[PDB]
Amino acid sequence: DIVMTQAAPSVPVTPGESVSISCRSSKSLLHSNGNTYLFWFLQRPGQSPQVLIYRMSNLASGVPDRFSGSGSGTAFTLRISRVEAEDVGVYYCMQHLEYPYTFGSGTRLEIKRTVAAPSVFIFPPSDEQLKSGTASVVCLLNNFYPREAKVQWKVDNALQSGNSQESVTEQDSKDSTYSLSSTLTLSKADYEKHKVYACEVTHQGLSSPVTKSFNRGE
Amino acid sequence: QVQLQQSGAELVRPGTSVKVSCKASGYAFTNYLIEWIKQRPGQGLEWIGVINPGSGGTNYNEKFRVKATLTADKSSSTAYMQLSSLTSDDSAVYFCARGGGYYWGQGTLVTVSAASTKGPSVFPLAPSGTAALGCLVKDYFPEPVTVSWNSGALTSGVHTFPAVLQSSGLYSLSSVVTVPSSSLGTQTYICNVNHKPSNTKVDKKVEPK
Ligand code: NA
């Protein structure tokens with residue numbers, strides 16, 4: 001088969017600046033008809049892929065003039081000028097010279113915005129859930145940048161381990177931030193043997209870790 | 001306006017077969033090829049094969065030669081992909097695409113599992129000049145769950161987090177929204193939760209406590 005390689009899994013870009021995304025092939029994609037059979041696709045989170053470039057350098061209908069493609073036959077570049085916050089997504093190359101058609105592994109475009117500390121919120125378990133025998137304590141980290149953020153749980157100021165789970169959103173297409181949730185899961189009986197629940201957040205935008213907490217019963 | 005409408009999500013048992021469809025509209029079905037692409041969760045794109053609906057001819061990626069069978073029905077403007085001897089490695093979103101790369105189907109999620117369908121429980125994340133509030137959607141199977149706020153009228157400031165797989169083998173997710181603190185006494189906030197696989201529809205009012 002023809003192997004398509006995308007050397008960078010992600011590339012950071014400040015809005016307004018230009019960026020280049022590379023792709024390489026293990027065989028020349030040039031056909032004797034003169035065309036080079038390489039596509040560039042964009043895939044936004046939760047959506048189907050969409051074509052940007054066809055036959056290595058042709059802009060697809062409806063794609064902005066800020067996107068362009070070029071290459072040698074074995075090495076290709078998708079160039080985006082004046083990168084917008086809305087350009088977040090994964091960019092893939094694909095060869096269609098020979099069967100089987102093959103794709104590159106994708107390059108995510110990351111928007112480099114100003115560093116922003118998360119807004120931290122803590123939610124105790126609802127009385128509705130406590131009745132069922134389980135307790136979920138949720139810590140929300142809202143609209144922060146960069147993506148990297150550590151969350152530590154403390155119960156009666158004792159550091160927790162093995163009882164939490166996190167989920168992070170895709171980078172926002174408008175404000176270029178991320179949000180994260182951490183959920184601490186205990187049984188109702190164990191939840192009721194403790195008083196103080198806290199989530200402690202470590203992030204590049206914070207000089208020292210931030211703590212949000214509550215006292216059970218308040 | 002061209003459309004490739006794919007069949008809905010499938011929860012199918014290991015060792016069985018599943019057949020997904022791709023219905024074309026807005027153009028002459030028999031004049032263009034149909035390709036099938038696989039995308040594992042959080043992974044890249046893989047090419048499965050292609051069919052010429054106007055001749056019945058096919059080509060497959062060798063990795064899918066045993067597993068997949070591509071067919072097309074000229075009368076109903078539909079292409080079909082059947083996957084046999086299903087395993088957890090077949091759990092993925094499958095897309096159909098018309099030759100040329102411009103027109104794609106919306107994808108069909110296939111989950112291969114022997115586990116039973118289970119609807120979620122929905123709990124409020126009650127709010128205490130911005131307030132955060134939300135809904136915790138716990139213990140469901142399979143994916144997906146969709147969440148809207150105020151029947152789609154509330155979209156600004158909403159974050160619906162990707163689901164996580166718990167140690168129990170059941171999924172859970174949260175959806176939050178930030179709103180003006182001054183609205184907590186005048187505006188009703190409702191999270192509309194839908195888990196299609198179990199026909200669960202919950203509209204939870206989230207009140208300040
Ligand atoms: Na086959």
# chains A, B, ... in the order shown; residues from 1 in each chain; ligands from 1

$ residues_near_ligand --ligand "ligand 1" --cutoff "12 Å" --atoms "only C-alpha atoms and all ligand atoms" --output "number ranges by chain"
B: 48-51, 57-71, 81-84

$ residues_around --residues "residue B:43" --least-positions-apart "5" --cutoff "12 Å" --atoms "only C-alpha atoms" --output "MDAnalysis selection string"
(chainID A and resid 9 43 45 90 92 103:108) or (chainID B and resid 38 91:93)

$ closest_residue --among "B:143, B:46, B:207, B:90" --to "residue B:162" --atoms "only C-alpha atoms"
B:143

$ interface_residues --of "chain B" --to "chain A" --cutoff "9 Å" --atoms "only C-alpha atoms" --output "number ranges by chain"
B: 43-49, 59-62, 95, 100-107, 121-128, 132-133, 136, 159-164, 166, 173-174, 176

$ select_by_dssp --residues "stretch 25-185 of chain A" --states "strand (DSSP E or B)" --output "PyMOL selection string"
chain A and resi 25+30+36+38-43+50-54+58-59+67-71+75-80+89-95+102-103+107-111+116+119-123+134-145+150-155+158-159+164-168+178-185

$ residues_around --residues "residue A:135" --least-positions-apart "6" --cutoff "6 Å" --atoms "only C-alpha atoms" --output "count of residues only"
5

$ atom_distance --atom1 "atom CA of residue B:16" --atom2 "atom CA of residue B:88"
11.6 Å

$ atom_distance --atom1 "atom CA of residue B:7" --atom2 "atom CA of residue B:115"
21.9 Å

$ residues_around --residues "residue A:145" --least-positions-apart "5" --cutoff "10 Å" --atoms "only C-alpha atoms" --output "PDB file with N, CA and C atoms, in the first residue's frame"
ATOM      1  N   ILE A 111      -5.479  26.495  18.552  1.00  0.00           N
ATOM      2  CA  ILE A 111      -5.450  27.949  18.564  1.00  0.00           C
ATOM      3  C   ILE A 111      -4.736  28.421  19.816  1.00  0.00           C
ATOM      4  N   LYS A 112      -3.655  29.182  19.627  1.00  0.00           N
ATOM      5  CA  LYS A 112      -2.910  29.699  20.745  1.00  0.00           C
ATOM      6  C   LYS A 112      -3.517  31.031  21.131  1.00  0.00           C
ATOM      7  N   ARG A 113      -4.200  31.047  22.254  1.00  0.00           N
ATOM      8  CA  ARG A 113      -4.801  32.273  22.755  1.00  0.00           C
ATOM      9  C   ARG A 113      -4.060  32.714  24.028  1.00  0.00           C
ATOM     10  N   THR A 114      -4.501  33.807  24.665  1.00  0.00           N
ATOM     11  CA  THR A 114      -3.906  34.244  25.925  1.00  0.00           C
ATOM     12  C   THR A 114      -4.142  33.161  26.988  1.00  0.00           C
ATOM     13  N   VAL A 115      -3.174  32.942  27.866  1.00  0.00           N
ATOM     14  CA  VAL A 115      -3.327  32.036  28.991  1.00  0.00           C
ATOM     15  C   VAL A 115      -4.475  32.539  29.897  1.00  0.00           C
ATOM     16  N   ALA A 116      -5.415  31.633  30.221  1.00  0.00           N
ATOM     17  CA  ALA A 116      -6.539  31.972  31.082  1.00  0.00           C
ATOM     18  C   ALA A 116      -6.727  30.920  32.168  1.00  0.00           C
ATOM     19  N   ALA A 117      -6.784  31.352  33.423  1.00  0.00           N
ATOM     20  CA  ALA A 117      -7.016  30.458  34.551  1.00  0.00           C
ATOM     21  C   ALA A 117      -8.467  29.979  34.540  1.00  0.00           C
ATOM     22  N   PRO A 118      -8.752  28.752  34.995  1.00  0.00           N
ATOM     23  CA  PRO A 118     -10.167  28.319  35.059  1.00  0.00           C
ATOM     24  C   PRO A 118     -10.961  29.030  36.154  1.00  0.00           C
ATOM     25  N   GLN A 171     -11.492  22.261  22.088  1.00  0.00           N
ATOM     26  CA  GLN A 171     -11.233  23.706  22.114  1.00  0.00           C
ATOM     27  C   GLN A 171     -12.387  24.499  21.469  1.00  0.00           C
ATOM     28  N   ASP A 175     -14.017  31.248  21.491  1.00  0.00           N
ATOM     29  CA  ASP A 175     -13.085  31.851  22.463  1.00  0.00           C
ATOM     30  C   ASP A 175     -11.794  31.043  22.690  1.00  0.00           C
ATOM     31  N   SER A 176     -11.635  29.896  21.990  1.00  0.00           N
ATOM     32  CA  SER A 176     -10.446  29.072  22.053  1.00  0.00           C
ATOM     33  C   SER A 176     -10.077  28.549  23.434  1.00  0.00           C
ATOM     34  N   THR A 177     -11.080  28.373  24.313  1.00  0.00           N
ATOM     35  CA  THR A 177     -10.838  27.802  25.638  1.00  0.00           C
ATOM     36  C   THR A 177     -11.260  26.334  25.749  1.00  0.00           C
ATOM     37  N   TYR A 178     -10.894  25.700  26.859  1.00  0.00           N
ATOM     38  CA  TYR A 178     -11.312  24.387  27.236  1.00  0.00           C
ATOM     39  C   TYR A 178     -12.066  24.479  28.566  1.00  0.00           C
ATOM     40  N   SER A 179     -12.883  23.470  28.818  1.00  0.00           N
ATOM     41  CA  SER A 179     -13.544  23.257  30.089  1.00  0.00           C
ATOM     42  C   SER A 179     -13.336  21.794  30.510  1.00  0.00           C
ATOM     43  N   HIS A 203      -2.962  24.994  37.519  1.00  0.00           N
ATOM     44  CA  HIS A 203      -3.003  25.440  36.123  1.00  0.00           C
ATOM     45  C   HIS A 203      -1.977  26.543  35.876  1.00  0.00           C
ATOM     46  N   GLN A 204      -1.427  26.617  34.649  1.00  0.00           N
ATOM     47  CA  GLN A 204      -0.459  27.636  34.248  1.00  0.00           C
ATOM     48  C   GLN A 204      -0.901  29.089  34.571  1.00  0.00           C
ATOM     49  N   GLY A 205      -2.197  29.369  34.537  1.00  0.00           N
ATOM     50  CA  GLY A 205      -2.701  30.713  34.823  1.00  0.00           C
ATOM     51  C   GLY A 205      -2.850  31.047  36.297  1.00  0.00           C
TER      52      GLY A 205
END

$ atom_distance --atom1 "atom CA of residue B:206" --atom2 "atom CA of residue B:184"
9.8 Å

$ closest_residue --among "A:25, A:211, A:36, A:160" --to "residue A:139" --atoms "only C-alpha atoms"
A:211

$ select_by_dssp --residues "stretch 30-145 of chain A" --states "alpha helix (DSSP H)" --output "ChimeraX atom specification"
/A:127-131

$ write_last_selection --atoms "C-alpha atoms" --output "short mmCIF file (atom, residue, chain, number, x, y, z; two decimals), in the first residue's frame"
data_model
loop_
_atom_site.label_atom_id
_atom_site.label_comp_id
_atom_site.auth_asym_id
_atom_site.auth_seq_id
_atom_site.Cartn_x
_atom_site.Cartn_y
_atom_site.Cartn_z
CA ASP A 127 -30.53 14.82 47.65
CA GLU A 128 -32.20 12.96 44.69
CA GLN A 129 -28.99 10.95 44.07
CA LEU A 130 -28.26 10.37 47.80
CA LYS A 131 -31.66 8.60 48.16
#
